[PDB]
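Residue numbers (PDB author numbering): 1 to 141.
Working notes, structure below.
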(Lines of atoms letter the chains of each structure in order from A and count residues from 1; the text may use other names and numbers.)
(Lines give C-alpha, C1' and ligand atoms only; values in the text may rest on other atoms or scores of the structure.)
Protein backbone atom coordinates (compact mmCIF):
# COMPACT_ATOMS: atom_id res chain seq x y z
CA UNK A 1 0.00 0.00 0.00
CA UNK A 2 2.36 2.70 -1.34
CA UNK A 3 1.42 6.07 -2.83
CA UNK A 4 2.32 8.21 -5.89
CA UNK A 5 1.15 11.65 -7.02
CA UNK A 6 1.46 12.33 -10.81
CA UNK A 7 1.07 15.73 -12.55
CA UNK A 8 -0.23 15.27 -16.13
CA UNK A 9 -0.60 17.93 -18.79
CA UNK A 10 -3.24 17.68 -21.44
CA UNK A 11 -1.48 19.72 -24.18
CA UNK A 12 -3.55 21.13 -27.02
CA UNK A 13 -2.65 23.34 -30.03
CA UNK A 14 -5.07 24.35 -32.81
CA UNK A 15 -7.70 21.83 -31.74
CA UNK A 16 -5.32 18.82 -31.63
CA UNK A 17 -3.94 16.98 -28.56
CA UNK A 18 -0.36 15.89 -28.10
CA UNK A 19 0.18 12.12 -27.59
CA UNK A 20 3.61 10.49 -27.10
CA UNK A 21 4.46 6.89 -27.91
CA UNK A 22 6.27 5.19 -25.07
CA UNK A 23 9.70 3.73 -25.79
CA UNK A 24 9.77 -0.07 -26.58
CA UNK A 25 11.03 -1.13 -23.12
CA UNK A 26 8.70 1.14 -21.09
CA UNK A 27 5.32 0.14 -19.62
CA UNK A 28 3.78 -3.31 -19.12
CA UNK A 29 2.85 -3.18 -22.83
CA UNK A 30 5.53 -1.48 -24.90
CA UNK A 31 4.86 1.29 -27.38
CA UNK A 32 1.55 2.44 -25.95
CA UNK A 33 0.53 6.05 -26.42
CA UNK A 34 0.41 8.40 -23.48
CA UNK A 35 0.26 11.83 -21.96
CA UNK A 36 3.51 13.06 -20.56
CA UNK A 37 3.86 13.71 -16.80
CA UNK A 38 5.76 12.79 -13.68
CA UNK A 39 6.06 13.17 -9.92
CA UNK A 40 6.29 16.19 -7.67
CA UNK A 41 9.57 16.47 -5.75
CA UNK A 42 9.83 17.52 -2.09
CA UNK A 43 10.18 21.30 -2.03
CA UNK A 44 8.32 21.99 -5.31
CA UNK A 45 4.84 23.35 -6.13
CA UNK A 46 2.75 21.16 -8.39
CA UNK A 47 2.84 23.70 -11.28
CA UNK A 48 6.65 23.96 -10.92
CA UNK A 49 6.82 20.11 -11.20
CA UNK A 50 4.58 20.22 -14.29
CA UNK A 51 6.60 22.84 -16.12
CA UNK A 52 9.89 21.08 -15.32
CA UNK A 53 8.57 17.74 -16.60
CA UNK A 54 7.33 19.40 -19.81
CA UNK A 55 10.75 20.84 -20.52
CA UNK A 56 12.46 17.51 -19.72
CA UNK A 57 10.16 15.30 -21.75
CA UNK A 58 9.08 17.56 -24.60
CA UNK A 59 11.96 20.09 -24.79
CA UNK A 60 12.51 23.79 -24.22
CA UNK A 61 11.17 24.96 -27.62
CA UNK A 62 7.55 24.13 -26.74
CA UNK A 63 6.01 27.42 -25.57
CA UNK A 64 2.96 27.20 -23.31
CA UNK A 65 0.26 29.91 -23.62
CA UNK A 66 -1.25 28.94 -20.30
CA UNK A 67 -1.64 26.10 -17.81
CA UNK A 68 -4.78 25.67 -15.73
CA UNK A 69 -5.62 22.99 -13.12
CA UNK A 70 -8.51 20.91 -14.44
CA UNK A 71 -9.36 17.97 -12.14
CA UNK A 72 -7.98 15.01 -10.26
CA UNK A 73 -8.59 11.29 -10.28
CA UNK A 74 -7.19 8.15 -8.69
CA UNK A 75 -6.35 4.52 -9.59
CA UNK A 76 -4.80 1.38 -7.99
CA UNK A 77 -2.12 -0.41 -9.93
CA UNK A 78 -1.02 -3.91 -8.96
CA UNK A 79 2.61 -4.96 -9.23
CA UNK A 80 2.92 -8.75 -9.41
CA UNK A 81 6.26 -10.25 -8.30
CA UNK A 82 8.03 -13.31 -9.70
CA UNK A 83 6.31 -15.75 -7.28
CA UNK A 84 2.79 -14.29 -7.79
CA UNK A 85 2.88 -12.12 -4.70
CA UNK A 86 1.36 -8.68 -5.24
CA UNK A 87 1.66 -5.12 -4.06
CA UNK A 88 -0.89 -2.32 -4.63
CA UNK A 89 0.29 1.15 -5.73
CA UNK A 90 -2.25 3.98 -5.16
CA UNK A 91 -1.97 6.70 -7.79
CA UNK A 92 -3.45 10.22 -7.60
CA UNK A 93 -3.39 12.16 -10.91
CA UNK A 94 -3.50 15.93 -11.04
CA UNK A 95 -4.52 16.90 -14.56
CA UNK A 96 -3.82 20.34 -16.04
CA UNK A 97 -5.29 21.88 -19.22
CA UNK A 98 -2.35 23.27 -21.21
CA UNK A 99 -2.55 25.27 -24.41
CA UNK A 100 0.73 25.47 -26.39
CA UNK A 101 1.41 28.38 -28.70
CA UNK A 102 3.49 26.15 -31.04
CA UNK A 103 4.05 22.48 -31.88
CA UNK A 104 7.86 22.21 -31.66
CA UNK A 105 8.58 19.02 -29.72
CA UNK A 106 11.87 17.34 -28.82
CA UNK A 107 11.03 14.06 -27.11
CA UNK A 108 13.37 12.50 -24.54
CA UNK A 109 14.25 8.79 -24.16
CA UNK A 110 10.99 7.93 -22.41
CA UNK A 111 9.36 8.21 -25.86
CA UNK A 112 9.91 6.94 -29.37
CA UNK A 113 7.40 9.05 -31.34
CA UNK A 114 4.77 11.73 -30.87
CA UNK A 115 1.67 12.95 -32.75
CA UNK A 116 -0.75 15.88 -32.68
CA UNK A 117 -4.13 14.10 -32.72
CA UNK A 118 -7.61 15.28 -33.65
CA UNK A 119 -10.16 14.61 -30.90
CA UNK A 120 -12.17 12.14 -33.07
CA UNK A 121 -9.03 9.98 -33.48
CA UNK A 122 -7.94 9.76 -29.84
CA UNK A 123 -9.96 6.68 -28.86
CA UNK A 124 -8.46 4.71 -31.78
CA UNK A 125 -4.89 5.05 -30.57
CA UNK A 126 -3.40 2.27 -28.44
CA UNK A 127 -3.57 4.43 -25.29
CA UNK A 128 -2.18 3.24 -22.01
CA UNK A 129 -4.76 2.80 -19.28
CA UNK A 130 -3.98 6.02 -17.41
CA UNK A 131 -4.29 8.09 -20.60
CA UNK A 132 -7.57 6.44 -21.56
CA UNK A 133 -9.05 7.11 -18.11
CA UNK A 134 -7.99 10.76 -18.28
CA UNK A 135 -9.23 11.45 -21.77
CA UNK A 136 -12.48 9.59 -21.04
CA UNK A 137 -13.09 11.93 -18.07
CA UNK A 138 -12.47 14.94 -20.29
CA UNK A 139 -15.21 13.83 -22.66
CA UNK A 140 -12.74 13.49 -25.59
CA UNK A 141 -13.37 9.75 -26.28
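We put the CB at the ideal spot given by N, CA and C, even for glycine.
Counting along the chain, where does the beta strand (DSSP E) carrying residue i start and finish?
{"i": "residue 56", "result": "Counting along the chain, residue 56 falls outside any beta strand (DSSP E), though it belongs to the alpha helix (DSSP H) covering 46 to 58."}
{"i": "residue 4", "result": "2 to 13"}
{"i": "residue 126", "result": "Premise fails: residue 126 is in no beta strand (DSSP E) and is neither H nor E."}
{"i": "residue 113", "result": "111 to 117"}
{"i": "residue 18", "result": "16 to 22"}
Would you decide whether residue i is buried or exposed? Buried here means 16 or more other CB atoms lie within 10 Å of its CB.
{"i": "residue 15", "result": "exposed"}
{"i": "residue 28", "result": "exposed"}
{"i": "residue 72", "result": "exposed"}
{"i": "residue 17", "result": "buried"}
{"i": "residue 65", "result": "exposed"}
At what residues does the alpha helix (DSSP H) containing residue i begin and finish?
{"i": "residue 209", "result": "Lying outside 1 to 141, the shown extent of the chain, residue 209 is not represented and no answer is given."}
Which residues share a DSSP beta bridge with residue i?
{"i": "residue 88", "result": "78"}
{"i": "residue 97", "result": "10 and 68"}
{"i": "residue 73", "result": "93"}
Distance, Cα to Cα, residue i vs residue j?
{"i": "residue 97", "j": "residue 62", "result": "15 Å"}
{"i": "residue 68", "j": "residue 83", "result": "44 Å"}
{"i": "residue 78", "j": "residue 40", "result": "21 Å"}
{"i": "residue 13", "j": "residue 119", "result": "12 Å"}
{"i": "residue 76", "j": "residue 45", "result": "24 Å"}
{"i": "residue 8", "j": "residue 80", "result": "25 Å"}
{"i": "residue 127", "j": "residue 43", "result": "32 Å"}
Can you round the beta-carbon distance between residue i and residue j to whole angstroms, since I take them to be within the 8 Å contact cut?
{"i": "residue 10", "j": "residue 35", "result": "6 Å"}
{"i": "residue 70", "j": "residue 95", "result": "5 Å"}
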